[PDB]
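> The structure's right below; bear with me while I get my questions together.
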Amino acid sequence: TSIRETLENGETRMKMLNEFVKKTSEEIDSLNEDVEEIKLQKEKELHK
Amino acid sequence: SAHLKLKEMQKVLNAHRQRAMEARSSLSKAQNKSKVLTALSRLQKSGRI
């Protein structure tokens, strides 16, 4: 019973860590897109 | 009568004026929402907030 509880807690922690890693990857992709947009804006609008 | 006609047509201008403002106001509101929507599409997508 103790080993089953530990395995269930470990599986829940692994699922939470996977969800957090997916959210972090989505946030990193969004930040990269925003940085690319900012670089394109600084390249185009500064040409004058 | 000349200046009478003048005031007449200038009254029309006033009407046009305000009605134009009306349209302009609406347009502004519209475009306002538009750019507001841009924030709703951008600020929430970047995830920084």
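Naming scheme: A, B, ... for chains in displayed order of the structure tokens; residues 1 onward per chain; ligands 1 onward as shown.
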How close does each residue of chain A get to chain B, giving the shortest atom pair and distance in Å to one decimal for every residue with an atom at most 9 Å away, counting only C-alpha atoms, sorted by chain and residue number, as a tab-separated table?

```
residue	atom	partner	partner_atom	distance
A:26	CA	B:47	CA	8.4
A:27	CA	B:47	CA	5.6
A:28	CA	B:46	CA	8.7
A:29	CA	B:46	CA	8.4
A:30	CA	B:46	CA	4.7
A:31	CA	B:46	CA	5.8
A:32	CA	B:46	CA	8.9
A:33	CA	B:46	CA	8.0
A:34	CA	B:46	CA	6.6
```
> Let me see the file: selected residues, N, CA, C and O atoms, as a tab-separated table (two decimals), in the first residue's frame.

```tsv
chain	number	residue	atom	x	y	z
A	26	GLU	N	5.34	26.46	-24.39
A	26	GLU	CA	4.44	27.38	-25.07
A	26	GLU	C	4.82	28.83	-24.78
A	26	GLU	O	4.83	29.67	-25.69
A	27	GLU	N	5.16	29.14	-23.53
A	27	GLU	CA	5.58	30.49	-23.18
A	27	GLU	C	6.89	30.86	-23.87
A	27	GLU	O	7.07	32.01	-24.29
A	28	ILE	N	7.82	29.91	-24.00
A	28	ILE	CA	9.08	30.19	-24.67
A	28	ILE	C	8.86	30.42	-26.16
A	28	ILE	O	9.49	31.30	-26.76
A	29	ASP	N	7.96	29.65	-26.77
A	29	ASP	CA	7.64	29.88	-28.18
A	29	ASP	C	6.99	31.24	-28.38
A	29	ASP	O	7.29	31.96	-29.34
A	30	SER	N	6.09	31.63	-27.46
A	30	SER	CA	5.46	32.94	-27.55
A	30	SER	C	6.49	34.06	-27.37
A	30	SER	O	6.44	35.07	-28.08
A	31	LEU	N	7.43	33.88	-26.44
A	31	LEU	CA	8.47	34.89	-26.24
A	31	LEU	C	9.38	34.98	-27.45
A	31	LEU	O	9.81	36.08	-27.82
A	32	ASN	N	9.69	33.85	-28.08
A	32	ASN	CA	10.51	33.88	-29.29
A	32	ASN	C	9.78	34.57	-30.43
A	32	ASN	O	10.39	35.35	-31.18
A	33	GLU	N	8.48	34.31	-30.58
A	33	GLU	CA	7.70	35.01	-31.60
A	33	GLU	C	7.65	36.51	-31.34
A	33	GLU	O	7.77	37.32	-32.27
A	34	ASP	N	7.49	36.90	-30.07
A	34	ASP	CA	7.47	38.32	-29.73
A	34	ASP	C	8.82	38.97	-29.99
A	34	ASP	O	8.88	40.11	-30.46
```
> For CA of residue 6 (chain A) and CA of residue 22 (chain A), determine how far apart the two atoms are, in Å to one decimal place.
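CA of residue 22 (chain A) lies at a distance of 24.1 Å from CA of residue 6 (chain A).
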> Just give me the gap between CA of residue 41 (chain A) and CA of residue 35 (chain B) in Å, one decimal is fine.
17.3 Å
> Enter the distance from CA of residue 13 (chain B) to CA of residue 28 (chain B), in Å, rounded to one decimal.
21.6 Å
